[PDB]
Structures are given as C-alpha cells and as structure tokens.
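Data block for start_13.txt (compact mmCIF, C-alpha atoms):
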```txt
# COMPACT_ATOMS: atom_id res chain seq x y z
CA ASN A 21 -10.62 -8.21 35.70
CA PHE A 22 -12.75 -5.00 36.08
CA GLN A 23 -13.61 -1.90 38.31
CA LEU A 24 -16.72 0.16 39.50
CA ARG A 25 -16.81 1.88 36.03
CA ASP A 26 -17.18 -1.57 34.37
CA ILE A 27 -20.76 -1.82 35.82
CA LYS A 28 -21.62 1.76 34.76
CA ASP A 29 -20.66 0.70 31.17
CA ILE A 30 -22.41 -2.74 31.13
CA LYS A 31 -25.55 -1.19 32.75
CA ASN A 32 -25.41 1.66 30.12
CA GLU A 33 -25.27 -0.86 27.20
CA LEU A 34 -28.15 -2.93 28.86
CA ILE A 35 -30.43 0.19 29.11
CA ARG A 36 -29.37 0.89 25.41
CA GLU A 37 -30.83 -2.58 24.46
CA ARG A 38 -33.95 -1.96 26.69
CA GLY A 39 -32.72 -4.89 28.86
CA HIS A 40 -34.48 -3.35 31.92
CA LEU A 41 -37.88 -3.58 30.08
CA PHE A 42 -37.49 -7.11 28.57
CA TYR A 43 -36.26 -8.41 32.06
CA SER A 44 -37.68 -5.81 34.50
CA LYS A 45 -37.95 -8.44 37.29
CA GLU A 46 -34.26 -9.57 37.05
CA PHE A 47 -33.28 -5.86 36.54
CA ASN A 48 -35.10 -4.77 39.80
CA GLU A 49 -33.18 -7.74 41.42
CA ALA A 50 -29.74 -6.64 40.07
CA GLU A 51 -30.55 -2.97 41.07
CA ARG A 52 -31.40 -4.13 44.68
CA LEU A 53 -28.00 -6.00 44.76
CA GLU A 54 -26.21 -2.84 43.30
CA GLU A 55 -27.66 -0.84 46.25
CA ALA A 56 -26.34 -3.53 48.69
CA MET A 57 -22.91 -3.16 47.12
CA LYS A 58 -23.14 0.53 47.51
CA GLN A 59 -23.90 0.29 51.15
CA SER A 60 -21.00 -2.03 51.57
CA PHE A 61 -18.61 0.37 50.00
CA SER A 62 -19.93 3.33 51.89
CA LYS A 63 -19.67 1.44 55.16
CA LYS A 64 -16.00 0.75 54.31
CA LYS A 65 -16.05 -2.92 53.56
CA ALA A 66 -14.27 -3.26 50.27
CA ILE A 67 -14.06 -7.04 50.30
CA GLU A 68 -17.75 -7.43 50.87
CA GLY A 69 -18.59 -4.88 48.27
CA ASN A 70 -16.23 -6.39 45.76
CA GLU A 71 -17.66 -9.75 46.43
CA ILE A 72 -21.10 -8.41 45.62
CA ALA A 73 -19.85 -6.41 42.69
CA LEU A 74 -18.56 -9.43 40.75
CA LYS A 75 -22.19 -10.79 40.98
CA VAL A 76 -23.87 -7.50 39.94
CA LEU A 77 -21.60 -7.49 36.82
CA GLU A 78 -22.69 -11.07 35.88
CA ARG A 79 -26.41 -10.44 36.68
CA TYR A 80 -26.24 -7.42 34.29
CA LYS A 81 -24.25 -9.36 31.61
CA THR A 82 -26.87 -12.19 31.63
CA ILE A 83 -29.72 -9.70 30.93
CA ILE A 84 -27.97 -8.31 27.80
CA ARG A 85 -26.53 -11.64 26.57
CA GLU A 86 -30.12 -13.15 26.61
CA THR A 87 -31.86 -9.93 25.32
CA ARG A 88 -29.31 -10.01 22.36
CA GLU A 89 -29.74 -13.81 21.82
CA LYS A 90 -33.58 -13.59 21.47
CA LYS A 91 -33.41 -10.28 19.49
CA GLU A 92 -31.12 -12.06 16.98
CA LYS A 93 -33.30 -15.30 16.96
CA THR A 94 -36.43 -13.05 16.61
CA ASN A 95 -35.20 -11.26 13.46
CA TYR A 96 -33.87 -14.56 11.96
CA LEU A 97 -37.46 -15.94 12.19
CA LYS A 98 -38.74 -12.62 10.72
CA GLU A 99 -36.42 -12.75 7.62
CA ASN A 100 -37.24 -16.46 7.05
CA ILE A 101 -41.08 -15.84 7.28
CA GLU A 102 -40.82 -13.16 4.49
CA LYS A 103 -38.54 -15.63 2.54
CA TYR A 104 -41.10 -18.56 2.55
CA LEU A 105 -44.13 -16.20 2.13
CA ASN A 106 -42.31 -14.92 -1.05
CA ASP A 107 -41.74 -18.56 -2.19
CA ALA A 108 -45.52 -19.21 -1.58
CA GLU A 109 -46.75 -15.97 -3.37
CA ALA A 110 -44.51 -17.09 -6.35
CA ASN A 111 -46.56 -20.39 -6.31
CA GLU A 112 -50.14 -18.91 -6.63
CA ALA A 113 -50.79 -18.86 -2.82
CA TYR A 114 -53.43 -16.07 -3.12
CA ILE A 115 -55.38 -18.46 -5.48
CA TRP A 116 -55.11 -21.76 -3.69
CA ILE A 117 -54.40 -20.99 -0.13
CA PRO A 118 -55.05 -17.35 0.59
CA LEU A 119 -56.36 -17.84 4.09
CA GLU A 120 -53.32 -19.82 5.04
CA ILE A 121 -51.27 -16.73 4.04
CA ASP A 122 -53.58 -14.52 6.16
CA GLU A 123 -52.98 -16.73 9.27
CA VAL A 124 -49.17 -16.16 8.89
CA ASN A 125 -49.53 -12.32 8.48
CA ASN A 126 -51.81 -12.42 11.59
CA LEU A 127 -49.46 -14.62 13.71
CA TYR A 128 -46.54 -12.33 12.67
CA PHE A 129 -48.63 -9.27 13.65
CA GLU A 130 -49.61 -10.58 17.03
CA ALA A 131 -46.06 -11.63 17.67
CA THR A 132 -44.96 -8.12 17.05
CA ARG A 133 -47.41 -6.78 19.52
CA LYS A 134 -45.94 -9.07 22.11
CA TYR A 135 -42.49 -8.03 21.16
CA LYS A 136 -43.42 -4.39 21.56
CA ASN A 137 -44.82 -5.00 25.02
CA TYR A 138 -41.40 -6.37 25.96
CA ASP A 139 -42.47 -9.93 26.06
CA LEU A 140 -39.65 -11.61 24.26
CA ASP A 141 -40.58 -15.12 25.12
CA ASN A 142 -44.07 -15.17 23.91
CA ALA A 143 -43.09 -13.06 20.99
CA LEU A 144 -40.67 -15.75 19.94
CA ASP A 145 -43.26 -18.41 20.24
CA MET A 146 -45.62 -16.74 17.89
CA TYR A 147 -42.90 -15.87 15.44
CA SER A 148 -42.01 -19.64 15.51
CA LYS A 149 -45.69 -20.62 14.80
CA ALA A 150 -45.74 -18.02 11.95
CA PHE A 151 -42.45 -19.52 10.64
CA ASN A 152 -43.77 -23.11 10.79
CA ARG A 153 -46.92 -22.07 8.84
CA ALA A 154 -44.87 -20.11 6.21
CA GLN A 155 -42.94 -23.36 5.49
CA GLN A 156 -46.30 -25.29 5.36
CA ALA A 157 -47.81 -22.49 3.18
CA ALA A 158 -44.90 -22.60 0.65
CA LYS A 159 -45.25 -26.43 0.40
CA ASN A 160 -49.08 -26.47 0.00
CA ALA A 161 -48.84 -23.70 -2.66
CA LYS A 162 -46.36 -25.82 -4.76
CA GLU A 163 -48.36 -29.08 -4.29
CA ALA A 164 -51.62 -27.19 -5.23
CA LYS A 165 -50.06 -25.47 -8.30
CA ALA A 166 -48.41 -28.72 -9.51
CA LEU A 167 -51.83 -30.50 -9.08
CA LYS A 168 -53.66 -27.86 -11.19
CA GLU A 169 -50.97 -28.05 -13.96
CA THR A 170 -51.38 -31.89 -14.11
CA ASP A 171 -55.24 -31.82 -14.03
CA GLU A 172 -55.60 -29.10 -16.81
CA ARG A 173 -52.85 -30.91 -18.90
CA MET A 174 -54.77 -34.18 -18.78
CA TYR A 175 -58.09 -32.42 -19.37
CA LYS A 176 -56.76 -30.64 -22.53
CA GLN A 177 -55.93 -34.13 -24.05
CA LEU A 178 -59.25 -35.87 -23.02
CA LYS A 179 -61.64 -33.12 -24.40
CA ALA A 180 -59.84 -32.87 -27.84
CA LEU A 181 -58.13 -36.30 -28.46
```

Whole structure given in structure tokens:
Amino acid sequence: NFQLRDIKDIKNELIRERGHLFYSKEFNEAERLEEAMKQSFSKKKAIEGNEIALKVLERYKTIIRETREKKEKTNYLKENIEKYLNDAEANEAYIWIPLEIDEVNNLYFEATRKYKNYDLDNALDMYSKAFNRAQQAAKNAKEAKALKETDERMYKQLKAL
C-alpha cells in the first residue's frame, strides 16, 4: 500500500513534470479533494480520510501518467518530423517543393507554441499534421526528383540521337 508521505512524493513529481499546468482543472479538483481529506483527518475520522486519500493518490497519478504519455508521444513525433524532413532535403525538396517544407516548419512552430502554453492536446494535433506532411513531403520530393531524372535522360537522347 502507501501512507500520507506517498501523496507528498507523487504530488512533488507531478509539479516537477508541470502536471498542474498541463491539467490545471483536474489539479484544482485533486487539490480540493486533498483539502477534504485534510479536514477529515483533523476532525479525527481516519477511515473517511483514508478513503479519500486512496482517491487523491490515483487522481494525482493519472495527471502524471497522461502528462508523461503525451510528452513521450510529442517528442516521438518531433524526432520523426526531423527524420522525414532530412529524407526530403536529401531529395531536392528546396527545388521542387519548397513551400511544402515551409508548411511543415510552420505547423511544427505553431505546435510548439501550443505546447508551451500547456496545451498538450492541441499541441499533439499539430505535431501530427506536421508529421503527416513530412511523410507526404519526403514522398513528393522523391517522385519529383525521379521524374526530372527520367525527363532529362530522355531529352539528352532525343536532342543528340
């Protein structure tokens, strides 16, 4: 099981991940319930307080578990965006599809502004759009490149032979 200290520690960790900022509503709610538990204990009702305390622990654990989950998903999308933007830049993307590359850089930027305003959910949506368009960008860069190689390789033969 657990004790009073257990909450101190979980709550400390949650603050350390800025859980209270990413989920300020659910954090106000768990803090209101922590008060209730404190009244219980001070009014000498250990069973009632302990019954509330098991909940406060789980309300606090949810906030970190989900903060962590989306943090990890967020920086997976980030690393993959840079990976496919590389693959696209390697395939002449600033020749054939430069404005497609700008859109991605812009989506990624605006997603980071959302992330910094502690809006994990909308931040993740725009990082997912940016991801989808990095994939699409990498593809269109290859297809475009391959097309140019074919057209100039025909056209060399025609104009001489």

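Using all atoms listed in the file, the shortest contact distance between residue 39 of chain A and any of A:26, A:89, A:169, A:163 is found at A:89.
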
For residue 59 of chain A, please output as a ChimeraX atom specification all residues within 12 Å (counting all atoms listed in the file; exclusion window: fewer than 3 positions along the same chain). /A:52-56,62-66,68-70,72-73

Find the spatial neighbours of residue 35 of chain A, counting all atoms listed in the file, within a cut-off of 12 Å - ignore same-chain residues fewer than 5 positions away - and output them as number ranges by chain. A: 27-30, 40-44, 47, 80-81, 83-84, 87

Deliver the residues from the most recent selection as a file, using C-alpha atoms, as a short mmCIF file (atom, residue, chain, number, x, y, z; two decimals), keeping the file's coordinate frame.
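Listing of again-v5.cif after writing:
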```
data_model
loop_
_atom_site.label_atom_id
_atom_site.label_comp_id
_atom_site.auth_asym_id
_atom_site.auth_seq_id
_atom_site.Cartn_x
_atom_site.Cartn_y
_atom_site.Cartn_z
CA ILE A 27 -20.76 -1.82 35.82
CA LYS A 28 -21.62 1.76 34.76
CA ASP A 29 -20.66 0.70 31.17
CA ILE A 30 -22.41 -2.74 31.13
CA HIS A 40 -34.48 -3.35 31.92
CA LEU A 41 -37.88 -3.58 30.08
CA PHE A 42 -37.49 -7.11 28.57
CA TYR A 43 -36.26 -8.41 32.06
CA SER A 44 -37.68 -5.81 34.50
CA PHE A 47 -33.28 -5.86 36.54
CA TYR A 80 -26.24 -7.42 34.29
CA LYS A 81 -24.25 -9.36 31.61
CA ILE A 83 -29.72 -9.70 30.93
CA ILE A 84 -27.97 -8.31 27.80
CA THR A 87 -31.86 -9.93 25.32
#
```

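Considering all atoms listed in the file, the residue among A:36, A:79, A:136, A:162 positioned nearest to residue 48 of chain A is A:79.
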
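Between residue 91 of chain A and the residues A:22, A:114, A:104, A:138, the shortest atom-to-atom distance, using only C-alpha atoms, involves A:138.
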
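Put simply, atom CA of residue 133 of chain A is 17.6 Å away from atom CA of residue 102 of chain A.
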
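In this structure, atom CA of residue 93 of chain A sits 16.5 Å away from atom CA of residue 127 of chain A.
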
Separation of atom CA of residue 161 of chain A from atom CA of residue 106 of chain A in Å: 11.1 Å

Shell around residue 115 of chain A at 10 Å using all atoms listed in the file, local window under 6 positions removed, as a ChimeraX atom specification: /A:109,161,164-165

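Of the listed residues (A:75, A:98, A:90, A:168), A:98 comes nearest to residue 149 of chain A; the distances count only C-alpha atoms.
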
Once 5 Å is added on each side, what are the centre and the three edge lengths, in Å to one decimal, of the axis-aligned box enclosing the listed atoms of segment 112-125 of chain A? Present them as AutoDock Vina command-line options.
```
--center_x -52.8 --center_y -17.0 --center_z 1.3 --size_x 17.2 --size_y 19.4 --size_z 25.9
```

So, with all atoms listed in the file as the atoms that count, which of A:119, A:151, A:124, A:51 lies closest to residue 96 of chain A? A:151

Pick from A:57, A:77, A:117, A:180: nearest to residue 157 of chain A, with only C-alpha atoms counted? A:117
